[PDB]
Structures are given as C-alpha cells and as structure tokens.
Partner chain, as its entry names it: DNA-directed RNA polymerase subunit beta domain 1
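Consider the single chain below, provided in structure tokens and representing the form deposited without the partner chain.
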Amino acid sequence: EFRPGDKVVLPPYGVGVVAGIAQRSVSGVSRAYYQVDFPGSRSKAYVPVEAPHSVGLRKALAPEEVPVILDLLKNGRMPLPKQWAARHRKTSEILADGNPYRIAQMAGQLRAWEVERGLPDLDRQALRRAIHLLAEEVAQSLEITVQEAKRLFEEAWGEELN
C-alpha cells in the first residue's frame, strides 16, 4: 500500500502526500479510502485503497531517480509522427499518462528538435508542459523550490531554463 507521508502523483493534478487511511461504512461494508493532500493547489483527493492503479495514483520520483531522469531527458530519443495532428495526439497521450520516464524521453526528443531546427507551437506547448511536470515532481522529491529544481536541469536542457 501507501503509507502516511508517502509522496505521490495523481495525473494531472500534481504532486501530493498521503495523509493516511480513513474507513467509512456504507450499508454495513466498510470501504477504505486514501486521503491525499495537494499543497500546490490546496486540494484533496479521496482514493479507494483498491483503486490507485485504476485512477493513476503512483509513487513520486525517489531522490535517487532524479539523476537518471535527467540523463534520460538529455539523451532521450523516440520516433514521432511527422504529421502535426497525429504527433500532437501522441505527445498528449504521453503527458496525460504522466510517467516521468516516458515524459523525459519525449521531451528529450522535442528539445533536440528545437535546438536543431525549432518547434511548431503545439510541440513547444508539449515540451513546456513536460518540463513543468518533471520540475515540480523533482522539486518535491528533493524538497527544494521549483526554481532550484530547474537549475538542476541545465545540463540535460543544454542551456539555462526560464
């Protein structure tokens, strides 16, 4: 399961922490809910203990994963459709899925293209979004500010970020 204090992610609602497990009884069966607090949005989510995998609740990046995520962002390559619409579909699916490894690998590809020959607006939006998601999760994992996290991205990004 998830233990209280566990750092987690719930796409696309950002990073959070598991408060604990509350049991409620309805019609004589007691269901167990996770409470997850999202400080970034001052929100909460109550997630049935049988449901994490089904709704996308996952463990957040552990601090030691950060270096491998960044090296991935740096060397990340993957085929993408040349047709703008099919490509935007693909990038949206990856972002929505919200996996940090898939997202890093995709951003790696988009970033390489950007530096080589620039990017269309839709592709820029996807790339920006990818970096937003990774930075906030990295920031939480290392308990630093998003601004401080972005600094860590310089090598992989090939330049300083804004």
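Only the largest set of C-alpha atoms that superpose within 1.5 Å between the two forms is called the rigid core. Numbering follows the first chain given and starts at 1. Residues that one form lacks are left out of the comparison.
Engineer: Quick one: higher average CA temperature factor, 41-49 or 65-73?
Structural biologist: That would be 41-49.
Engineer: Tell me which stretch has the larger mean Cα B-factor in this entry, 135-143 or 14-22.
Structural biologist: Averaging CA B-factors over each stretch, the winner is 14-22.
Engineer: Between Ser27, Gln125, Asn99, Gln109, which carries the biggest CA temperature factor in the record?
Structural biologist: Highest C-alpha B-factor among the listed residues goes to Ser27.
Engineer: Quiz for you: based on the deposited Cα B-factor, which of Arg117, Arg58, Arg31, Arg129 is highest?
Structural biologist: Top of the list by C-alpha B-factor: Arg31.
This next part talks about the form solved in complex with the partner chain, which is not shown.
Engineer: Partner absent here, but in the entry with it bound, which of 116-124, 62-70, 102-110, 24-32 has residues with a heavy atom within 4.5 Å of the partner chain?
Structural biologist: Stretch with heavy atoms near the partner: 24-32.
Engineer: Any chance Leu133 has a heavy atom within 4.5 Å of the partner chain in the entry with it bound?
Structural biologist: No - in the entry with it bound, heavy atoms of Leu133 and the partner chain never come within 4.5 Å of each other.
Engineer: Look up in the entry with it bound whether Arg128 has a non-hydrogen atom within 4.5 angstroms of the partner chain, and give yes or no.
Structural biologist: Contact check for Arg128: no, nothing within 4.5 Å of the partner chain in the entry with it bound.
Engineer: Using 4.5 Å between non-hydrogen atoms, is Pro48 touching the partner chain in the entry with it bound?
Structural biologist: Contact check for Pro48: yes, within 4.5 Å of the partner chain in the entry with it bound.
Engineer: Is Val15 one of the residues lying within 4.5 Å of the partner chain in the entry with it bound, judged by heavy atom distances?
Structural biologist: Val15: no contact with the partner chain in the entry with it bound.
Engineer: Within 38-56, which residues come within 4.5 Å of the partner chain in the entry with it bound, counting heavy atoms only?
Structural biologist: The stretch touches the partner through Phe38, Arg42, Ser43, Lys44, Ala45, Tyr46, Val47, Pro48, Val55.
Engineer: Does the distance between the two CA positions of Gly40 reach 2 Å or more between the shown form and the other one, the core being superposed?
Structural biologist: Yes; that C-alpha moves by at least 2 Å between the shown form and the other one.
Engineer: After superposing the rigid core, is the C-alpha displacement of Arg31 2 Å or more between the shown form and the other one?
Structural biologist: Yes, its C-alpha moves 2 Å or more.
Engineer: Quick one: in the entry with it bound, is the Cα gap between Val29 and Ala45 smaller or bigger than here? Answer closer or farther; it shifts by 3 Å or more.
Structural biologist: Residues converge in the entry with it bound, at least 3 Å closer.
Engineer: What happens to the Cα distance from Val26 to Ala45 in the entry with it bound: does it get closer or farther than here, with a change of 3 angstroms or more?
Structural biologist: Closer is correct, given that in the entry with it bound the C-alpha spacing of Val26 to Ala45 is reduced by at least 3 Å.
Engineer: I need the moving stretches between the shown form and the other one: superpose on the rigid core, then report runs of 3+ consecutive residues where each CA shifts by 2 Å or more, in sequence order.
Structural biologist: These are the shifted runs between the shown form and the other one: 22-31, 40-42, 154-158.
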